[PDB]
Amino acid sequence: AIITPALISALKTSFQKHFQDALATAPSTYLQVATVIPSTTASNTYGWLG
Amino acid sequence: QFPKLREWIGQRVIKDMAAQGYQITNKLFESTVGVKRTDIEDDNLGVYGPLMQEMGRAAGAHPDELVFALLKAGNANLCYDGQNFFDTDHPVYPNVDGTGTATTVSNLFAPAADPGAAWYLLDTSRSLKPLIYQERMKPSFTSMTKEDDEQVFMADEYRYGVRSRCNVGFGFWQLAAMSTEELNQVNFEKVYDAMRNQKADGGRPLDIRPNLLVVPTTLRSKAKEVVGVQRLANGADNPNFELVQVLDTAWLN
Amino acid sequence: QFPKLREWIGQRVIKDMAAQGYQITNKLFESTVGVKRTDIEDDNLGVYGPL
Amino acid sequence: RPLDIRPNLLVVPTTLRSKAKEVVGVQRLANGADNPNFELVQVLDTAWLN
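As recorded in the entry header, the structure was determined using cryo-EM to a resolution of 2.57 Å.

Labelled according to the PDB entry, chain D appears under the name Bacteriophage Mu GpT domain-containing protein, originating from Pseudomonas phage JBD30. Its PDB title, taken directly from the record, is "Bacteriophage JBD30 capsid".

Labelled according to the PDB entry, chain A appears under the name Bacteriophage Mu GpT domain-containing protein, originating from Pseudomonas phage JBD30.

Take a look at the structure:
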């Protein structure tokens, strides 16, 4: 019956992870407005003919 | 959340994470009704012993009362961060955010918008113990011999209402919900866009998708014109038609 | 209806229930028509008869 | 606890029959708008009223 309130009153709990990943983040969208051009050096120079 | 990407200048700034916790304890509940032996045993009409089924349906209806009372009192009870679930001062890293709008002029009934799509819903409930009942219908009972009789019928239940993120929910805008304009569209699209414009700890959008609109029976007509009418008063479209599904409940206000 | 649930603090609070009653008594009505024997018993065209 | 009440019948005399049908019975209000009160309550027209 009688017991310190720092052992039983502390350990009478059940940890659950329902709250984990409850919310999300905005989906990727840069694909719809940009192309992917891989690079192999410090910079990329572009040139086109008129 | 992991710290945001930074431009590499000099050394690195080693940052820290932020773990959060929510604690909530079970509560004890009971409803008990006492009658007399002579009353029931002299009841030849038979309109005095639906007590069993009345008590059963009361036990069944208790969770509705708990959850919707918590929804009502969301402006008073606190969420995990430290403020009220519906408060104007929800804290972000340096910033302050509000999820409750008032007018100080006309604030009568509050509609609620709940993005229930997420894995964790709003105003959750916890069920530690199912319902259990007991009677006093034998001679050997202490109550049966305490007076003429005390034929008590009671319920035992361990429950308590819970809540969740107090930024995914916007459930107090008592300004108005229906008019020719600026109440039908403004104060509803305002809630929708404010919830879709939330910012997480770190500087990332929350990606909120409001889908449920909860209103009392008195504001159902306003809610239905806001969502559920295809045309407009001038013959045009309602841009908010079929935007969110509305639910009418009588457990609030 | 059964009383609502109450938080457990110390002792069970024995509650009371109620029953209601309604009553109404029947009433007697009438409609009466008076006709003359010679008026209808001499009716040869059948004007009277749907009475 | 809340009471479940579901109105389903509107009772009017003959003189108010046109008003009742206009309130419930017409799908377009003024400019092609949609009547929010269309097909929710069935109107009853009886001459035993006023």
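Undergrad: In this structure, what is going on with the interface of chain B and chain A? I would like to understand it.
TA: It is common to give the size of an interface as the accessible area that goes away when the parts come together. The partner chain A presents 11 residues to the 13 residues of chain B that form the contact. Across the chain B/chain A interface, buried area totals approximately 1,000 Å², and carbon plus sulfur atoms make up 63% of it. Area buried by chain B at its contact with chain A is led by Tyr120, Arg165 and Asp207 of chain B, which between them contribute 48% of it. The tally of links from chain B across to chain A stands at 0 salt bridges. Linking chain B to chain A there are 1 residue pair in polar contact. Grouping the amino acids of the side of chain B that touches chain A by side-chain chemistry returns 6 nonpolar, 3 polar and 4 charged.

Undergrad: Would you explain the nonpolar core in this entry?
TA: Nonpolar side chains in soluble globular proteins generally cluster together in the buried interior. Residue and element names in this part refer to chain B. Counting residues in hydrophobic clusters, the biggest one holds 28 residues, and the most contacted among them are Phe85, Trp173, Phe188, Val191, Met195, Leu213 and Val244. In terms of residue count, the dominant contributor to this core is helix α4 (residues 186–196) (4 residues). With sequence-adjacent residues up to four places away left out, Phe188 is seen in contact with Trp173, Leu213, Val226, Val227, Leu243 and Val244. Core analysis: the second largest hydrophobic core is formed by 7 residues, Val35, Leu51, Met55 and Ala58 among them.

The rules we used
- Residues numbered from 1 in each chain as written, not as in the entry; some residues may be left out.
- Chains lettered and ligands numbered in written order.
- Part of a larger assembly, values for the part shown.
- Heavy atoms only, no water.
- Residues with missing side-chain atoms left out of burial classes, pairs and counts.
- Contact = heavy atoms within 4.5 Å.
- Buried area = accessible area lost by both parts, 1.4 Å probe.
- Salt bridge = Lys/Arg side-chain N within 4 Å of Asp/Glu carboxyl O.
- Polar contact = N/O pair within 3.5 Å; in protein donor to acceptor, adjacent residues only side chain to side chain.
- Nonpolar A, V, L, I, M, F, W, Y, C, P; charged D, E, K, R; others polar.
- Core = buried A, V, L, I, M, F, W, Y, C linked by side-chain atoms within 4.5 Å.
- Buried < 20%, exposed > 50% of the residue type's maximum accessible area, 1.4 Å probe, protein only.
- Helix = DSSP H or I, 4+ residues; strand = E, 2+ residues; numbered from the N terminus.

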